[PDB]
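Below, in structure tokens: the form deposited in one PDB entry, a single chain.
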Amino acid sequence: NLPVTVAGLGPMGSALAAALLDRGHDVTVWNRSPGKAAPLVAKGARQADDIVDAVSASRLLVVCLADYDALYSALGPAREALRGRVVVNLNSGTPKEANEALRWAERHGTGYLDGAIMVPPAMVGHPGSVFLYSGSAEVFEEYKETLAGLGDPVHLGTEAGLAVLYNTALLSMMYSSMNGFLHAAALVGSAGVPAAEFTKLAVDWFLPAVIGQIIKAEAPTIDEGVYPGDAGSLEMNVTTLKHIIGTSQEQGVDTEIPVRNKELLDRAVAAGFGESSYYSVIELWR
């Protein structure tokens, strides 16, 4: 029974603590407010009312505070106790805040890893759960087996802000992809095709086999940064989008999604990228 402390018992922190209890750890729990520990205590956790006692219980401190709270403030009273312990911070807001907390930790003689949880609380500890980490490689090596109880642990690198940045990036990709799916679903839905039908071709096939495979085939060319347009140019795609918009209007389906996508291309054609490949649109954003 390897001791672990969880500081922060919102829905996410509580799921973390429950998962660690299920794996047989000696879990100490702390929260700014009383009343959130009882369900964890009923599962074998010990509540520590004072942060110093919670910090002192364990070398591994798993922190998941509310957004508006701050590690320096929650753990400030435990300054001295933090020396020689490790913070795994699972709720940094931004990359700069991760970097700030790493320096904070260093000043106290505390190891530091930042992590981003890629699943909802109910999925923590279950197959499918992935947690992205950044910061100390040594800390990661020390604790990866314990952290694998929470989700598949992936170390991105030493820069403290890489996990929050990846999370941010993947979510940005998710919002656009989901909108694209829903626009597509509205289009086939104008002909009576249910969304659950449409997913057989859109998700089981097109998403990985077409979108995903083209991204894989194109990514080294992106990194090269020339973007030749001989196999198909950015401006040719403005034509395809005009078509999509016209078909959408014939079907009585809203055109905001394809018109905004056409505007991203018009910006690029004004900047000089029309005869480059589609992927050159990324240069307006870097």
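From 1 onward, residues are counted along the sequence shown. Only residues modelled in both forms are compared. We call the rigid core the largest set of C-alpha positions that still match within 1.5 Å between the two forms.
Below: the form deposited in another entry, not depicted.
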Practice item. Spell out whether the Cα of residue 70 moves at least 2 Å between the shown form and the other one when the two forms are superposed on their rigid core. Key: yes
Practice item. Return yes or no for residue 10: a CA shift of at least 2 Å between the shown form and the other one, with the rigid core superposed? Key: no
Point to revise | Distance direction in the other form for the C-alpha atoms of residue 68 and residue 110, relative to the displayed form (3 angstroms or more) | key: closer
Exercise for review: Work out whether the Cα atoms of residue 168 and residue 273 come closer together or move farther apart in the other form than they are in this form, the change being 3 angstroms or more.
Suggested key: farther
**Study point:** Where the chain shifts between the shown form and the other one once the rigid core is fitted, runs of at least 3 with Cα moving 2 Å or more
**Key:** 66-70, 216-218, 220-222, 227-232, 269-275
